[PDB]
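Cβ sites come from the backbone with ideal geometry, for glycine too, and all protein chains shown count toward neighbours. Every read-out reported here was derived from the displayed coordinates using simple, explicitly stated rules and does not represent laboratory data.
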Amino acid sequence: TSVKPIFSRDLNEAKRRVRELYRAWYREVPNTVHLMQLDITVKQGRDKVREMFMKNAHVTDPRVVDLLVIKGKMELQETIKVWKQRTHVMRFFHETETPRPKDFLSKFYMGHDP
Amino acid sequence: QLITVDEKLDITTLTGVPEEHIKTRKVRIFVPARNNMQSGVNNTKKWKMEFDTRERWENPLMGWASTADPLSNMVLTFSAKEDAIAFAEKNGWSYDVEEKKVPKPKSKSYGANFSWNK
Amino acid sequence: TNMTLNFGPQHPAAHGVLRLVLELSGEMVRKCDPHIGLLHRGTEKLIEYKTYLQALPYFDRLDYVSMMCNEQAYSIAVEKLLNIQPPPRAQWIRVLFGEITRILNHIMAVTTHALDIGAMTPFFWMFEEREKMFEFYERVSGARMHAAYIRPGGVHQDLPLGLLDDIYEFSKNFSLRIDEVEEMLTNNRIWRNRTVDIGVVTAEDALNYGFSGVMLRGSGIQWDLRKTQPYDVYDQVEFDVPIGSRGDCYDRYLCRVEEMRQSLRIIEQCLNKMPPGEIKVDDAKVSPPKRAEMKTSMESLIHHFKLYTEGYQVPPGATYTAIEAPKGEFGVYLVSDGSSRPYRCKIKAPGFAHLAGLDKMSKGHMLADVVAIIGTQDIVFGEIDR
Amino acid sequence: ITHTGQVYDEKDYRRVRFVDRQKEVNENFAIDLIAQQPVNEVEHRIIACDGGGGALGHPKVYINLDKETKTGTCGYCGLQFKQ
Amino acid sequence: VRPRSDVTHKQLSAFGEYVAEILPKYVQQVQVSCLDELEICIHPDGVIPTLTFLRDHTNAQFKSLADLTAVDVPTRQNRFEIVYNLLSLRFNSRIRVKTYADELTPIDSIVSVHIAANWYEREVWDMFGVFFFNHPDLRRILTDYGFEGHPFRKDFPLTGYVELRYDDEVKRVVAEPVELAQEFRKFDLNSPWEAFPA
Amino acid sequence: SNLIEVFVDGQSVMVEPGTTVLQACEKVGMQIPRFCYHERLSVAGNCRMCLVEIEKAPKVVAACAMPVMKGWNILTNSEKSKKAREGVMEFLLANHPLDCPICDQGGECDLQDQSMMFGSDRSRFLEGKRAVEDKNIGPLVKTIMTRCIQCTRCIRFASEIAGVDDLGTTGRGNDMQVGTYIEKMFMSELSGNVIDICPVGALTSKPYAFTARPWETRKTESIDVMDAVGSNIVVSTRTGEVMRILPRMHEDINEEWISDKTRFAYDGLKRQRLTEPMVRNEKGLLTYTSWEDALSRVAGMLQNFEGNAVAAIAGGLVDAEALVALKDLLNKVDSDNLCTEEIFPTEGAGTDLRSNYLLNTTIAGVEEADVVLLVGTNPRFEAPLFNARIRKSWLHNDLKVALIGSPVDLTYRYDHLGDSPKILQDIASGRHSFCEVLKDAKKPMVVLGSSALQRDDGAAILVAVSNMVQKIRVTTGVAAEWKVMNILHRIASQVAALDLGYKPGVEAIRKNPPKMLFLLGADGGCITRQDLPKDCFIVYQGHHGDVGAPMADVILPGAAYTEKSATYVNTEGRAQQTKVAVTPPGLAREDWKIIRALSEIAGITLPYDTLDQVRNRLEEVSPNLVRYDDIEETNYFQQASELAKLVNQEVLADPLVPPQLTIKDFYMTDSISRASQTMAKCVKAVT
Ligand code: SF4
Ligand code: SF4
Ligand code: FES
Ligand SMILES: [Zn+2]
């Protein structure tokens, strides 16, 4: 315990920042899908944003959340600024890779080490 | 002023590891034993934690060994058992520590074997 | 976005790979944000997994225009950690090939600068001289560039029987070749214009942004790590640092042409005064045993086997050793556990600091000015990206 | 076929490779070349074996041709020496 | 044997005390190594203060930042060991000031003290993940635009987790989990016999 | 008291009087460079590479030898003790043949290192070298003895750890060659240890001659499954196939030594190995097919057959995790006919109290015993690293060994009470002579081998021994934590099986024949297809096709202990964990999953789906399985006897004889062993 704060003193304040970033991304998804001529649906993309913002829903510690948005914000800048060519963005969608089943029987049938 | 958190530093969310290799990878914290071949003990000093071994299929074109597991060759070295356990907890890898086993003191004396009695 | 325009990775003007996301109001540059890492390759992490002698070839690749001078920096660093120093002949060699390498870098920097400016004949004139130098490398190391000749305990093999004489014939003439370039560019009524008063850097600002190279020397700050902190036997030679005033692209250039001149003065001496002796430390502990010895003496085979298979086993410690690589201060911070393989090896690249300055140098400048300034920093993306 | 007789087989899924392109194998296989080497007769109990040429050979080893029962074979050249 | 000049070992030691007295507050350990170098170790909070004193003190002018790096000792609670190497053009010398930073306990930025650090601090964030407060623009410099994970951390696999190939179906470059055709052979090299420390 | 204070470079370590100078340096942490000194081998002083310099003393002393005295400061890194090593290493290297790129102890050399750290940069031996004549010490150890530094650790081990007393020094001068005077092979178990103990690569392993080089070998620490001592071992794997298995030290179980079987039968692990799941075709031959098809062949038969029509004969090297996955499955179709091939008498308390079937006096308790009553087993060939235990405790301590079996080569002096199970009654009556010898013993131990139990009167033999242990305990008045009765096994999956409540013996399957049998790695002949019902629908679950495969309607290949993170337990119940050294070959899969998957196809799915979960399962059925490296102290011998007293059985006059009468008996036993080309070469060498 006894840990020095990074940007917010408590999860509460931290959550404020997450809200802002969500908004940011939400407002940005449409633009990217157009400035990168990505073949995705704005709605679809916006769900992806939600996915990511929740993939890390479990974090309880304030310090970890603050870094997470710092990092998140940085990603936003890149996307918003065309620095990230489509190849970079679409990677988020994991479009080419073949999905792996998580069913035990499925894995048994395919891989030595599951 | 400092803030209070009872949450075990878990930073699994910042490390940047694919989900599969954080929830299916068991690492063992062990002090390396000594190849019986040599009698030196300088490689049995520091604790090491090693990730579980994974597939090593033969390559069809040249017959070279091929591996799909990124964390295979990685063995991190930690000076003390407590510190190594900490690394597993904050990185979220499962751990199964093995106690160091050091050679027991053995009493030796050149005179003793010269004893015809025994 | 003020017409943001990526200078683009594929551009003859951009040495190697440089995306300079630039916002230009018409033909004026408002802000330059260089992007890097188009050539990051992992050189610093890879070294941690390799032994000291098998990480020596990485240093030649860090900034390969200056192939060897880089190797000397790791050498020195590994020698310091071991508290071993190379034999006298090896030291002179390293200064001999250290300087030859400086010329090679300056011929690259001055002639490639001109090709971007638009002068193309200087490059062909001096690349022929370069070629001739490479041949020295090859006849000493075996490779035209990427030699691996300067190893952590001296050089690898004595000079071939006859090289010194040829490093003379060449040196005896190269001057005229520098003189020619001059009659073509130093006073061209046009070179001056595109170069003079472009990218002026103050003296205080140059030290502040860590420029540490000709870039500092061009602004009039007098600092040559080779005179201030002598390494090898650069102390026993006598040369004049070419300091500059009214620091600008033209002045620094003149400085690089002047060190080409001063290096010929250092090369001459090295040929005139190189000592008879051995070219590698005699400690089989650090330097590999001679092949006749390893094939007739048991202690030498054991030392050959262990050195090649396992390694030096440097004593635990950390050092930052900096030389004066042709670009500027090249330093290796080599932290080392007692193990035969290093723990960290941050390579300080004269170039990570110089690029950063592109922003503070090219302000209110035209697209052509940016091309001139990347040239006056001798940016080799290998050292910056590492 | 080759030294250790590599034989991608009639049923292997790799013999596909040589189709329209030959395989790399060796004539004058070494396995038989030293066997073709005469036994170096010697006078001394022990003999050296620089491999021939000193520095341009193998780390010198001394072989004990002490028993005619066995011709010492330097582990490096495979040269049998007949006491 | 290297040509040590004790003349130096002493003068730099004396400066090390000088600095230790001048800033009792942040200096934890000051030591002159045998190579003959000097390293003043400071509490992370002393980043701004200790540097500034060295950049702007008549008896210790350390104008240029040679390098900013972060070794990562995983065992150490504070994983990273930010090391700043500085050079005095006047008095001719070099001092290294090294601090300790954990993954989520950021260090202050010295871009103010030396603008050279603007880039190296971005380099330390990209490779090791330490964060620098008050940095003008901290963002990945060396790694790919979408890279996930900090590469030079000792806990990051060399080959990494993603590699790129061009896929026709999608006519675009596409990441896939790394599949290597000859894994890095991990030769064990440490010898079980030590060397009696001199 | 008894704590001298000696200074190692002024560190004031304190050591018991009688500790060698080398030992004093060890506790400070310094290492004296040493050759010819091994911790569990007698001090010999041959090399004198350990010369150190006690302060204020004219000459340097032999570390391994001088008992450190009061207040003598050892100076291990002095200017003298380095000239005492720079000059010895000069000599060892002078007569050495430089074929380090032949010597497969290349990176595993304690003589290049010490040269490369403590020795000299160059040589001055301009004179000629010597050569010795390579001879044959057997089919396992390649003695290129021109390498030998005459350090006499072999001659010690071959006499002190193993009782071979064959290897010896021959001659004097610089042609002292340490090889058998007449060419008699060094045939004994414990033989391969010489390789590991010779620091020079003079004699090394012949199978692992030139397949690898140590820096490359990735080393995974696992457990011996060939024998029930459960010796710790390190499996050295390169690019995914095991290259060598060498011992790793466990003070209590194998203290740096492993058997000849469990280090040269890694080759057997690589052939005749099952990989794809074949099924019986209409034609009547096993045809390779995908899991899905092979599993539902088995699942469909399982759903059709009810309890007691489905049985499992497990046995040999199967892990505890598969054993609980096979019991949980067959109970979900209500047959508890799960059984093991080795019959442990189960008419009184068997399998219920966990001391009827364990060597509860620890492997390390053989060291503190007084009289051992070996009854009906050849330890030399049933638990070689426990025979060694009684070897060391008969030499360094004073154990009085007595055998009631066949008079057999035991590597020590035993007392052959006789070859008759009824003379056990003789001692119980106090009639036989030894009866007093025990009376005189303050800490005695009986050991009943499992092979005696495997005869028909095994129930009677256990009961007869328990009676004698009872009055031995009463007459000696031995303390409770000292435990006289223990029984040693010779099958790795027997203590684990009995632990999970598997009932020993195939006697139950014999009385009622199961429609379906899922052989789980069983290569024994305990039931045969003629014996089985007409349907004879049995499915082999194992790694090597030996006896159970060709008589199998389904083949579900599994793994071996080099290829799974399973658990095993040796004879005194110390559970231990094998780690995966190499991924299992072909479509072959881990034993526990095949059975979890068959259950999913069957529909009676087992609860666990990950191995930590199966470890949690093992916890509910049994304690030892989850706590590793932890022997279970308390036992309930007194209630065991009460039930033994109720049991009445006749010990037949037939002498009790160990099946492994001589060493050819020993080399090939289990599946992996049988499949060994190295073991086969060893077998013909004996024959
Ligand atoms: S033993 Fe084998 S390896 Fe060790 S030195 Fe003699 S030859 Fe070289
Ligand atoms: S063989 Fe190995 S052990 Fe026996 S003496 Fe020669 S070296 Fe010492
Ligand atoms: S080690 Fe000192 S006597 Fe052999
Ligand atoms: Zn030869």
Each label sits 7 Å from Cα toward the beta-carbon; between F:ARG48 and D:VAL25 the label points are separated, in nm, by 6.1 nm
Among D:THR73, C:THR321, B:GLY111, the residue whose Cα sits farthest towards the positive end of the charge dipole of the protein assembly as shown (+1 at Cβ of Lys and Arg, -1 at Cβ of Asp and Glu, taken about the Cα centre) is B:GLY111
Per the Kirkwood formula over distinct C-alpha pairs, the hydrodynamic radius of the range E:71-198 in angstrom is 18.1 Å
Most exposed to least, judged by fewest other Cβ atoms within 10 Å, C:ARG226, C:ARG386 sort to C:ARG226, C:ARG386
Cα-only Rg/Rh for chain B with Kirkwood Rh rounds to 1.19
Expressed to one decimal in nm², the mean projection of the alpha carbon convex hull of chain D is 8.2 nm²
Rounded to two decimals, the Rg over Rh value of chain A from Cα coordinates and the Kirkwood Rh reads 1.08
The size of the Cβ-based charge dipole (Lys, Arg +1; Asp, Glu -1) of the range F:569-687 about the Cα centre, to the nearest 20 debye, is 700 debye
Over all directions, the range C:21-160 yields a Cα convex hull whose mean projected area in nm² is 11.0 nm²
With T = 4 °C, eta = 1.567 mPa s and Kirkwood Rh from C-alpha pairs, the Stokes-Einstein D of the range F:473-582 in µm²/s is about 78 µm²/s
Going through B:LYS26/E:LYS154; B:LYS45/F:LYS27; B:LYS81/F:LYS27; B:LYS45/F:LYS83; B:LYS118/F:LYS261; B:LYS118/F:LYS70 one by one, the pairs whose alpha carbons sit over 22 Å apart turn out to be B:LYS45/F:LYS83; B:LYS118/F:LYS261; B:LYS118/F:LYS70
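If you take the Cα atoms of the range F:590-664, find Rg, then find the Kirkwood Rh from the mean of 1/r over all pairs, what is Rg/Rh?
Taking Rh as the inverse mean 1/r over Cα pairs, Rg/Rh reads 1.19.
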Measuring from its Cα centre, chain F shows a charge dipole (+1 at each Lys and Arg Cβ, -1 at each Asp and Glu Cβ) which, in debye to the nearest 20, is 1520 debye
Taking every residue of D:47-60, the Cβ atoms of other protein chains inside 10 Å of its Cβ average out to 4
The residues C:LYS132, B:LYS100, sorted from fewest to most surrounding Cβ atoms within 10 Å, come out as B:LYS100, C:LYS132
Projected onto their principal axes, the Cα atoms of the protein assembly as shown stretch, largest extent first, over whole-Å spans of 123, 86, 78
The FRET efficiency for A:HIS58 and C:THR1, from their Cβ-Cβ distance with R0 = 25 Å and rounded to 0.05, is 0.05
The size of the Cβ-based charge dipole (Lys, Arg +1; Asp, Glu -1) of the range C:2-386 about the Cα centre, to the nearest 20 debye, is 800 debye
Filtered hits (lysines, Cα-Cα < 25 Å from C:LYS363, offset >= 8 within chain) -> A:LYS81, C:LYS31, C:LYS327, E:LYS63
Asserting the computed 222 nm helical MRE of the protein assembly as shown (DSSP H runs at least 4 long, -39500 (n - 2.57) per run, divided by residue count, to nearest 500) equals -9000 deg cm²/dmol
Taking only C-alpha positions in the range F:292-430, Rg and Dmax in angstrom work out to 21.3, 64
Taking A:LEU11, F:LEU625 and counting other beta carbon atoms within 10 angstrom, the fewest-first order is A:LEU11, F:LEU625
Looking only at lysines whose Cα falls under 27 Å of F:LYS511's and that sit 8 or more positions away or on another chain, we get F:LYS327, F:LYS332, F:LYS503, F:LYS534, F:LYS645
When the charge dipole of the range B:25-71 is computed with +1 on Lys and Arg Cβ and -1 on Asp and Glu Cβ about the Cα centre, the Cα farthest towards its positive end, among B:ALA33, B:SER66, B:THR53, belongs to B:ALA33
If the label point sits 7 Å along Cα→Cβ of F:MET551, residues of the range F:250-292 with amide N under 20 Å come out as F:274, F:278-281, F:284-287
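Where does chain C land on the Kirkwood hydrodynamic radius, alpha-carbon pairs, in angstrom?
About 21.7 Å, per the Kirkwood formula over Cα pairs.
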For the range F:31-130, the percent of all C-alpha pairs falling in each 10 Å bin, from 0 up to the bin holding the max distance, is 14, 42, 33, 10, 1
To the nearest 0.05, the calculated FRET efficiency linking D:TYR8 and F:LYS283 through their beta-carbon distance, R0 being 35 Å, is 0.70
What one gets for the range D:1-46 as the Kirkwood radius, inverse of mean 1/r over different Cα pairs in Å, is 14.0 Å
Taking N as the residue count of chain F, its alpha carbon Rg divided by 2.2 N^0.38 Å gives 1.05
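Percent of Cα-Cα pairs more than 23 Å apart in the range F:1-212, please. Walk me through the numbers on the way to the answer.
Values: 11276 of 22366 pairs.
Roughly 50 percent, rounded to a whole number.
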Between the Cα axis of helix F:384-395 and the main Cα principal axis of chain F, the angle (0 to 90°, nearest 10) is 50 degrees
In whole Å, largest first, the alpha carbons of the range F:420-460 cover along the principal axes 33, 21, 12
Taking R0 as 51 Å and r as the Cβ-Cβ distance between E:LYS171 and E:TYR18, the FRET efficiency 1/(1 + (r/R0)^6), rounded to the nearest 0.05, comes to 0.20
